Structures are given as C-alpha cells and as structure tokens.
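Chemist: fold the following.
(2 chains)
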Amino acid sequence: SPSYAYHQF
Amino acid sequence: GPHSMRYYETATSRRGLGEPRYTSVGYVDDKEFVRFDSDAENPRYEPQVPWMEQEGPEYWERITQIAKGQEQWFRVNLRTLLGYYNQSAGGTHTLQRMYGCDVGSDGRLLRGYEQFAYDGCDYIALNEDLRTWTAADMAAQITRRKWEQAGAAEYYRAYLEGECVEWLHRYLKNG
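Modeler: Residues are numbered from 1 along each chain as shown, chains lettered A, B, ... in the order given. Here you go, the structure:
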C-alpha cells in the first residue's frame, strides 16, 4: 500500500 | 531469500498548462503490481497482475484516495521548487519520489528508502540510518532544515518499519 509524502518542501 | 517493495511516483507539469500528470507505479520483487495514472479516463489504482485481484473494492478505493492526496502534494511542491531554483513559470518540470523497503529471509527490514529528485537531479534522500538526510544542493538544504525540525524522518520511518514490511508480506502471500 502506498504512503503520503505529507511534509512540505 | 530477500524481498523488496518500491513505489515510484512522478509528477510532470507540461508547459505550466493545467494539472501535472501524476503517475505512481508499485513493484514487488522487481515486478510491477499496481499502477495509477492521472491521465486515464477515470484515474484509479489498478492491479497489474492477477494475484492483486484478491484485494476487495475497499482496498482499491482507499489507495486511490491516497493517490488523490499525492497529486495535490506534488502540485504544491513543484511550485515550491520553482521558487527555490528561481525558475520562471510556464516551463516543464518533473518531481519524482521513490520509497519502499527491502526485507531479509528473516522477513525483517533490511533497508528503507525515501528519496526525491527534481528535473532528473537528486534533491533530498533519507539515509540508510532512516534518521538523517542527504541534501543534494543548497535548495535541498532549505527543505532539510525544515524536515529536521519537523521530525520528518520519524514520520517516514513509521511507514518504512511498519506498513511497508507488513504489506510486502501480504503481497508475497497473495502471489
């Protein structure tokens, strides 16, 4: 199952 | 023997015109097993192999919504990097993410991955310790300072040591 990157650059 | 799972995500803004094209492809043991393409008639994750048809509709609905969220994340961050590299809008740029896990015979995590590349150049990568970051250039140092302060490494580590391994084993059982 894929995941969220979430954190902003 | 060892096994691996990887997802490769790409988002491309073409000529700044419209929505980026977003793709996500998953691999288990170097075999493609799922895939999402924003350009499809109705974008959803689809099984790319018959052993994935074992997952019910809820699975597909859920991971499709994850893809939907990721689209937005990529949109925003393409804009941010346009800013960091002082590039003019209207151009064509690509942002990529690769993540996943290698597990041993033992079935335990051998190595986790979480790394990002911009316009085909390394940007920021989670180190093997799953605690520290390699920043490829000065722009990526901005992100690294933010991510060290926000505990991003722990966030990714939670997936890499938890969900990633479990799901890999479930898919190995499905296959």
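Chemist: C-alpha from now on. contacts and neighbour counts both.
Modeler: OK.
Chemist: show me the contacts for the residue of chain A at minimum distance from chain B.
Modeler: For chain A and chain B, the shortest gap (Cα to the nearest Cα) falls at residue A:9, measuring 5.0 Å. Residue A:9 makes contacts with B:77, B:80-81, B:142-143, B:146, as judged by Cα atoms under 8 Å, 6 or more residues apart in numbering or on different chains.
Chemist: which of these are buried?
Modeler: Using 16 or more other Cα atoms under 10 Å in any protein chain shown as the burial test, the contacts of residue A:9 include B:77, B:81, B:143 as buried.
Chemist: pretty sure the first one contacts residue A:8?
Modeler: Yes. In this structure residue B:77 lies within contact range of residue A:8 using Cα atoms under 8 Å: 6.8 Å.
Chemist: now the residue of chain B found nearest chain A. Its backbone dihedrals?
Modeler: Per Cα to the nearest Cα, residue B:143 is where chain B lies closest to chain A, at 5.0 Å. Backbone torsions of residue B:143, given as degrees, to the nearest 10, read phi -60, psi -40.
Chemist: identify the residue nearest it in space, chain neighbours excluded?
Modeler: Leaving aside its chain neighbours, residue B:143 sits nearest to residue A:9 (5.0 Å; criterion: Cα to Cα, 6 or more residues apart in numbering or on different chains).
Chemist: spell out the residue ranges of the helices in chain B.
Modeler: Secondary structure of chain B (DSSP state H): helices at B:57-84, B:138-150, B:152-161, B:163-174.
Chemist: and those, which is most packed in?
Modeler: Mean neighbour count (mean count of other Cα atoms under 10 Å in any protein chain shown) peaks for helix B:152-161 among those, with a mean of 19.
Chemist: from the chain's centroid, how far away is that helix?
Modeler: Chain-centre distance of helix B:152-161: 13 Å, with Cα atoms, centre = their mean, to the nearest Å.
Chemist: which secondary structure elements does that helix contact?
Modeler: Packing partners of helix B:152-161 (3 or more Cα pairs under 8 Å, 6 or more residues apart in numbering or on different chains; DSSP states H and E): strand B:109-118.
Chemist: got the residues of chain A near chain B?
Modeler: A:1-9 (Cα under 8 Å from any Cα of the partner chain).
Chemist: which one of these has the most neighbours?
Modeler: residue A:2 (24 neighbours; other Cα atoms under 10 Å in any protein chain shown).
Chemist: what sits against that one?
Modeler: By Cα under 8 Å, 6+ apart, residue A:2 lies in contact with B:7, B:26, B:63, B:66.
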